[PDB]
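Undergrad:
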Amino acid sequence: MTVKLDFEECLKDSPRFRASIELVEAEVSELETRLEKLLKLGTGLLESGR
Amino acid sequence: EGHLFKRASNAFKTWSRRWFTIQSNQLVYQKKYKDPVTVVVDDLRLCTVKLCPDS
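Protein chains in written order, with the authors' numbering: chain B, 1 to 50; chain B', 269 to 323. A prime marks a further copy of an entry chain.
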């Protein structure tokens, strides 16, 4: 995702902002899958250890 | 007094040219000529100045 963003392009309706907000929503959609896989995989670990 | 490059509020932090003055133990920068200046450091004597070898 973008690293440390500020307001000018954002308010001037820049295409750079617009592709940058597109690309972070997809990183967060990836992130959530990786979380629910880690949740179910660590649940099976805890069950396997118990 | 003189021109320096500084980082702006563009998202990448885009670098940009402004006219700066050191006066009365203070660093200001000019917004447009004759309109009032903006402060950069309140007092330079509580400042450090880093040559910054990792940028």
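All residues carry an ideal CB built from backbone N, CA and C; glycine is no exception.
In the structure shown, what three-state DSSP assignment does B:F17 receive?
TA: Helix, per DSSP.
Undergrad: Using a C-beta cutoff of 8 Å, does B:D6 count as contacting chain B'?
TA: Yes - at least one Cβ of chain B' is within 8 Å of the one on B:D6.
Undergrad: Please return the same chain residues whose Cβ sits closer than 8 Å to the Cβ of B:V24, not counting the five positions on each side in sequence.
TA: Excluding positions up to five away in sequence, the list reads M1 and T2.
Undergrad: Using alpha carbons as the reference points, say which of B':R275, B':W287, B':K300 and B':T289 lies closest to B':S323.
TA: With distances taken between Cα atoms, B':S323 lies closest to B':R275.
Undergrad: With distances taken from CA atoms, which of B':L272, B':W287 and B':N293 is nearest B':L314?
TA: Comparing Cα positions, the closest option is B':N293.
Undergrad: Please confirm whether B':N278 has its beta-carbon closer than 8 Å to some beta-carbon of chain B.
TA: Chain B, which has a Cβ nearer than 8 Å to the Cβ of B':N278, makes this yes.
Undergrad: I need the boundaries of the alpha helix (DSSP H) containing B:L5, first residue and last residue.
TA: Here B:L5 belongs to no alpha helix (DSSP H), and DSSP marks it neither H nor E.
Undergrad: Examine the Cβ distances between the region 279-289 of chain B' and the region 297-313 of chain B' and report whether three or more of them are shorter than 8 Å.
TA: A contact exists between the region 279-289 of chain B' and the region 297-313 of chain B'.
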